[PDB]
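Single chain ahead, by itself, as structure tokens, in the form deposited in one PDB entry.
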């Protein structure tokens, strides 16, 4: 039973916890399905909880994070209003999953108060950030990374801090967060370079800037190597999460080998 077996079971367990919850609160089949298809979002909590030694606590935190992350994803579906799903269901399920997550996370945190501390702390930076992102679209790598740092990095960094706050001891809280923020940007670039064709995205989209020449391929390669570097470092801080090393390489190499060639 290797790490992949733990990852696959964590993902399935998070998916089930989420769908059960969407369904008991009125979610339509289409919404339950939409929810079941957010694969990475359901998997990411497993990486964030890699520093948690108790297997039972880790599964509990993992699925509580999955509930809020999916919740935020639905809130995001609600603002783009482009999924064809019923906005009432989207809004209601979004609220329901979020409140259940607060309940679950607070019941696992050493200090229940730590949960609302973390969520409030850079709430302005994350929310005001998302507004600016959608207002002024990016025109170069500097502007892109800046925006991605809020809806991507700050977004995941928060769940990083929560996983540390609800994971018991032996948790290097700042490294868990460092990890999530660097990893979040690697995957945000991935999404950008996948969503160009799957969604027909243009304005502010990194793939678009790449093709229109506003951004150089080498710069993009450098950014990825920088993020890889930052992620590997974060997981080497004591106590350390060696399990995440292959994960960092997996997602980074994929953007390099599979996705970048599609734009250059």
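Numbering follows the first chain given and starts at 1. In this text, rigid core is short for the largest set of C-alphas that superpose within 1.5 Å between two forms.
Although not depicted, the form deposited in another entry is the subject of the following passage.
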Kindly check if the Cα atom of residue 41 is displaced 2 angstroms or more between the shown form and the other one relative to the superposed rigid core. no
With both forms fit on the core, has residue 197 moved 2 Å or more by CA between the shown form and the other one? yes
Please say whether the CA atoms of residue 194 and residue 203 come closer or move farther apart in the other entry, knowing the change relative to this form is 3 Å or more. closer
Are residue 204 and residue 253 closer or farther apart at their Cα atoms in the other entry than shown, with the shift being 3 Å or more? closer
